[PDB]
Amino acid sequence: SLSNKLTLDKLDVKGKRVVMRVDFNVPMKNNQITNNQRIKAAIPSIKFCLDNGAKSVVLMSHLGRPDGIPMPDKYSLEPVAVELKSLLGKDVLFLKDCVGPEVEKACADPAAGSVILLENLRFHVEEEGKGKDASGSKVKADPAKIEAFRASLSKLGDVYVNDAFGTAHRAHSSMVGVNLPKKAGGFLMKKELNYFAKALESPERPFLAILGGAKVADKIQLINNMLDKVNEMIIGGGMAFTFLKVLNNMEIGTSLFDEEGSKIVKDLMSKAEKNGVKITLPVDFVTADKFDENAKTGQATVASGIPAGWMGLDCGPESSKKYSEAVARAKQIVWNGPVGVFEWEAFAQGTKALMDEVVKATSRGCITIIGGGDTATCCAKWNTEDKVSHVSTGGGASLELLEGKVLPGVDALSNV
């Protein structure tokens, strides 16, 4: 049960040193942060600790993909420290490393109310347990060193708090190796577990899942698992052309086709019928003569087929109507993946219209949950982050949750 894990509000931090794992993997264009959304997201957890008398808050996170070797020139968290200070209003001590006697000493007895940010955990191959040398050759971490790394991290605080849901699907040292008597989820993690608990433990009904994306094969377990809990499912995006070709014998031109996935489609539909799940597929499409932002546009339906040399990049007006009718009946919605190439405005209208409908549903009480990744980015583009119930901060992690797997980082949390 994701609802029985220990969270920050139920943890006494008065006079305690708090070692907190956060998600500060922010976007950078070299010498500056373009989006500080992730940083602003951690603030509530940090302020809570400081406001509740914590002795200190030690922040650890990763940035980019260093792959096990120090790359301060490219992926140092120093810029984040400066950005965090402006947002928190308090000084932030940035340390050039995350482990060692020097670091342990700075954290052994800091000035009350201190906020410390350690350097990129991934500068050490012991965090991921694997990496690469300067030559690009694969290097596997040494067990004894992994032990020493985790023992060091464990010395930086008295209680452990995990607010990095985006990395919880990884058995990395900072996720499962900090040995402290209290391991609690932070406020962001609390939200992730509370909403996905609904999507998998006790959802409101009807429960509709909107599944988009391009590939089918890598989404087989997700669909399989969702078919065990939903009442209705919209299958859109590039994904639908595999379904439409197999079941309807539709001519799809040069639209995405998943040979692997195509062999399991009838079986998925079969399970859908056995469970009484209503499947809604697109009936019309916006086509393009090439996969490009400026391609020529056309229109097509399932009956007309798609011209040779053309591909479906978005659903048409008739599909949007059907999609909106499904949203209308639901009391709960989980949406993972865009219904078209939302990166390009000409093919983002299908996705935008659905977002509008989902926001409207939210206003009347619908529990709307948006998965991480692209779809999550959609909410940032049209500024609807505050118009839905929950926007997941973990792309790959939210996917593994929806698949029915146990997240190592969630599993390691203390139980209430």
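The numbering used is simple: start at 1 and walk along the sequence shown.
- Mean C-alpha B-factor is higher over 373 to 381 than over the other stretch, the pair under comparison being 352 to 360 and 373 to 381.
- When the mean C-alpha temperature factors of 1 to 9 and 405 to 413 are read from the deposited coordinates, 1 to 9 comes out higher.
- For the set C366, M60, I46, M28, the maximum C-alpha B-factor listed in the entry falls on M28.
- Per the deposited record, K130 carries the highest C-alpha B-factor of all listed residues (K130, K145, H172, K191).
- In this PDB entry, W310 carries a Cα temperature factor that places it within the highest third of its chain's modelled residues.
- Among all modelled residues in this chain, the alpha-carbon of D163 has a temperature factor (C-alpha) in the lowest third.
- The entry lists a Cα temperature factor for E102 that places it in the highest third of the chain's modelled residues.
- For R329, the recorded CA temperature factor ranks within the lowest third of the chain's modelled residues.
- Compared with the other modelled residues of the chain, the Cα B-factor recorded for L153 ranks in the middle third.
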